[PDB]
Amino acid sequence: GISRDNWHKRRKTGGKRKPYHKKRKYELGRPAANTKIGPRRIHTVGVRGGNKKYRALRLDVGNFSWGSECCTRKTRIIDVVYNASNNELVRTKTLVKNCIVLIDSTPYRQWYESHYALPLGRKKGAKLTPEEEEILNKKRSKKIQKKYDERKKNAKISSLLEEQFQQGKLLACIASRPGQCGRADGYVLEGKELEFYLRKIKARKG
Amino acid sequence: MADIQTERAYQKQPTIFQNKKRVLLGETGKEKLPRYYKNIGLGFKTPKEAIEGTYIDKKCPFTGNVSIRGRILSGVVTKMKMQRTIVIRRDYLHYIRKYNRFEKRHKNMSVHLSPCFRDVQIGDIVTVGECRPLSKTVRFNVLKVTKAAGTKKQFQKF
Amino acid sequence: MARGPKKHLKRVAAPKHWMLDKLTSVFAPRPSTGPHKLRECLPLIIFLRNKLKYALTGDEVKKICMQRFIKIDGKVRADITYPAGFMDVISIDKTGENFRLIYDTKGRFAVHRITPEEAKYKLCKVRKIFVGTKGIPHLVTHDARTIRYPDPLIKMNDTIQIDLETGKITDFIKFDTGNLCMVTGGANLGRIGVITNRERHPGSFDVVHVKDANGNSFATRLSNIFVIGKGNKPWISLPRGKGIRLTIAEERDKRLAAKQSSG
Amino acid sequence: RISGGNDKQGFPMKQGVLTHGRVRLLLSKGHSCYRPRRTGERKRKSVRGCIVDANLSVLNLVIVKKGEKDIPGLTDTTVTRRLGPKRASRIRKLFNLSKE
RNA sequence: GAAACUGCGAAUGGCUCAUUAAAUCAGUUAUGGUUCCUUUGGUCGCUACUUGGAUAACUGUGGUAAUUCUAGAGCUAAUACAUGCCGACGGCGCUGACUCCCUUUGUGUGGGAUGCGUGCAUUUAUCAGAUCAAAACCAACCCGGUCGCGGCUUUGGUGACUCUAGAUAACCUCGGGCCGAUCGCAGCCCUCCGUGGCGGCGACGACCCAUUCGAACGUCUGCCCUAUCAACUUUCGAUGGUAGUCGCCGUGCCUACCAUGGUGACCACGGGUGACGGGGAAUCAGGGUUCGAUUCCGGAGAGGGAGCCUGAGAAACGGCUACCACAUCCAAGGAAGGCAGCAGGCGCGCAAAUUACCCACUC
């Protein structure tokens, strides 16, 4: 049907070539996955040698790494915001490798606040004191405050992330192939990559 | 030089990572990027401009994702209107055995030329080795450039 | 068309060293898939029918094997086209005799009878060294045998000795200058000599120079050299003619002078 | 209960074809009205839809509840010996045997 | 031990030469850019003294002019199909109520209640990988010793890896990765009288390495006649760049954006060929000319084009679906088809054998 051959097309000189044989089965191609945001729908295909391949049609969740902090957790996927290859892919919300996405900040915030014994995403006292202060302060015999200098002297986060945590969403990049692995999975944007894509997002519409 | 992110997607070397911890540098600073590079083997030497440079090129032999294997060849630089690729000419004699005499022939190759070579000119001599297919018509990559066994660029004092 | 693997062999396409006649047939035995390459083996049917002559037809070979009489490397084999090859031992316990496959100096397998205490071991050339999970070291031989926990001095191109009842390593010979070897491919096939120089090239093939007992010199690609003894002495018994490769004029003169072949 | 039938020209009825006409379907392993001669075989052949009409050669029917009267031969005749079970748990399940 | 279910093979062999001029093919090299039934060698311990329901052969009743067409009813199996323990968790890292000793903290300790994760495969992110030349001060100390001097250590391999092995945080495929609810011969040893087991020989099966048989894609050089063929290709992808999709994998293979390239008198581009390529054959002082459909090797195709199931392997035709050309049977509703296999026939033409016997030999 669809095929990926080299012989249907012309040579260096601009000259044509005639067909050598009928279409062979090892020259095959197949339609694209076009993965959307939505509750899990995966289908499987048999491939050359009798092996199996996984094709994701809908995904709602992924695995993401905050490489700066050595933290990775299972996280909800919210939206797609930039695509370097084609604007119709963000207009129709399709998920592919090196796409830029928004993810839920919560499991990183909960890891940080319990690891460093400090607040992160907080606005004002009404969202600090009335509950869950007992995550931050407890009885800690000979481990109370000064021994947390192992934590507190390296706790400060970049200003570009502290502005994202207050809105409840982080920017991330997809590293897996979702139409081939069945998974959507990647890493949190940081530093000069975050400056580059914030300029590109703002310069397109804002 | 001062900017390299001229594309719609961010440009970086794979296998290099930048720490977002212990970031203080005071009134001055140093390079946030270390550089990846490798030895090619076969008695070739890596150019200084690959180690001291800041360019991104995935098809580069010294700083990218290619393996040099099989045949090593040479030819004369003859055209360079494409970007990061050039055309070289190879000339030879063919024997026709009914007569006891030779015939002159040529072929052209398109080859990939990275930054780190930046003073090449038409009529220079270039050495190349095989790769995996790099594009439709490209199979070879530049390992060394020279102008030995010939006249100077400008006057004899060059 | 060719839609999958082939399973026949024409008799004019078969390996020259089997010495098959021209006129009995169209086909030859296709060697069974196994430890040795199709070009480099001797099918068991050609050894029993054509070399030893214990059977007049392929059916008389089939009813020797199905009685469980034939052992190769100490294991009973019922397959009549099994690919036996260099350094293997064949034992026939019912007639009371043992053989080893070694090249004649004209580049073909000799019949070579051996004593039952020499039928207990074989020599193996090393093909590969690698490390598996939990850091365990592995070895691979020229006949597909895989060994765990080899001695850390055993490197590429070396020769190891194994006992056939247990399959474990007993002793080894290093590849270095002055050791005795046999040639296992090319035009020099079936010659014996001492290694005298190795010349190396980065990419393409290394070349070894070898010296004869009579002082002749010859060379080949490194893939054709098999080491068989530390210094001057072999670890195996050797066939008539001992790898010396005399020329056609010397061979004429001994055939006239010795009056052999019932003169 | 109505269990199926045959058309004129002998074509069978099959469940799920919602018409009084006949149709041609590409049949494959696991459908009724076909028996494959090779692994992976499919063949296109004629079948009749589900709706009952005057056109049929025969209707198949099964008695799901008996009346008070007896229909001659069909409902007088007592059951045959069948064949007994062969799996061990099946024998225990028939005779209510203990696990020991 | 008929039949039937299940497993394996049917992708090899045999036939022909229509298409096809850098294509096929030959010599030479490469997968550090992939896949691989079987054979051979590694590997095979993070209700359980044995689970579930349901069909074929068979028995019984039918429909159509007709086929290796099949429908309704009554029974019963598994190495078919689907579930799922037991045994051998006793892991080691991270938490740390409390507690003890020199020094209230910090900082050096040894214990430690209690939670969480903890085989190999799979997806992503991070860490480490040790070796070199020469001195002088300072905080704190390894150690020989005590209130300033001597002396050092740790997977493997290639010409070359973003290799192999190792450590950390998570994922995990489920109905949609592995870790045996299977079969046949001889019997055994005992806190032992038929019990707890442990065990000899196998047979079949399955995830992962390495082999063997290959297949696929790529490198360099090699071709018959023609100018009454001189310029050609180019978002209708032509040459190249960046990101991606698809695929067993490299790649304009395809999509979006961008650049303006690529080949030619050393003959491109176009047309012809009673053109399948090579090993080879006839003739021949020396040099040549002509031929090669044809038993070995490589390629292509089963009336003409196209699409696809099953499988490790096919875009298969002694498999299937449709259009186009032929054409057989009919109760006019319908059903069935492919000799460039072996014999045999018609047509063509100057032009080519028997509708014989057998698996004894070679495989």
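We're sticking with Swiss-Prot numbering for chain A, so the shown stretch reads 2-207, in order.
Each Cβ is built from the backbone N, Cα and C atoms, and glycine gets one as well.
If you check Swiss-Prot, you get these features:
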LIPID     A:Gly2  N-myristoyl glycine
COMPBIAS  A:8-26  compositional bias 'Basic residues'
MOD_RES   A:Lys37  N6-acetyllysine
MOD_RES   A:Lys128  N6-acetyllysine
MOD_RES   A:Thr130  phosphothreonine
MOD_RES   A:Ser160  phosphoserine
CROSSLNK  A:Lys170  SUMO2 cross-link
CROSSLNK  A:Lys193  SUMO2 cross-link
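Annotated features, which come from Swiss-Prot, shown on the structure.
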residue: A:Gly2; record: N-myristoyl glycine; Cβ contacts under 8 Å, 6 or more apart: A:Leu29, A:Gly30
residue: A:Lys37; record: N6-acetyllysine; Cβ contacts under 8 Å, 6 or more apart: A:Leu58, A:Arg59, A:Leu60, A:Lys94, A:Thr95, A:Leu96
residue: A:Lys128; record: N6-acetyllysine; Cβ contacts under 8 Å, 6 or more apart: none
residue: A:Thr130; record: phosphothreonine; Cβ contacts under 8 Å, 6 or more apart: none
residue: A:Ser160; record: phosphoserine; Cβ contacts under 8 Å, 6 or more apart: none
residue: A:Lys170; record: SUMO2 cross-link; Cβ contacts under 8 Å, 6 or more apart: A:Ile79, A:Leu103, A:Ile104, A:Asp105, A:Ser106
residue: A:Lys193; record: SUMO2 cross-link; Cβ contacts under 8 Å, 6 or more apart: none
Counts of helix, strand and coil residues, the compositional bias 'Basic residues' (A:8-26), according to DSSP: 1 helix, 0 strand, 18 coil
Secondary structure of A:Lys128 (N6-acetyllysine) (DSSP, helix/strand/coil): helix
Where A:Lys193 (SUMO2 cross-link) sits in the secondary structure, as DSSP reduces it to three classes: helix
DSSP-derived structure type at A:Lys170 (SUMO2 cross-link), helix or strand or else coil: strand
Reduced DSSP assignment, the residue listed as 'phosphoserine': helix
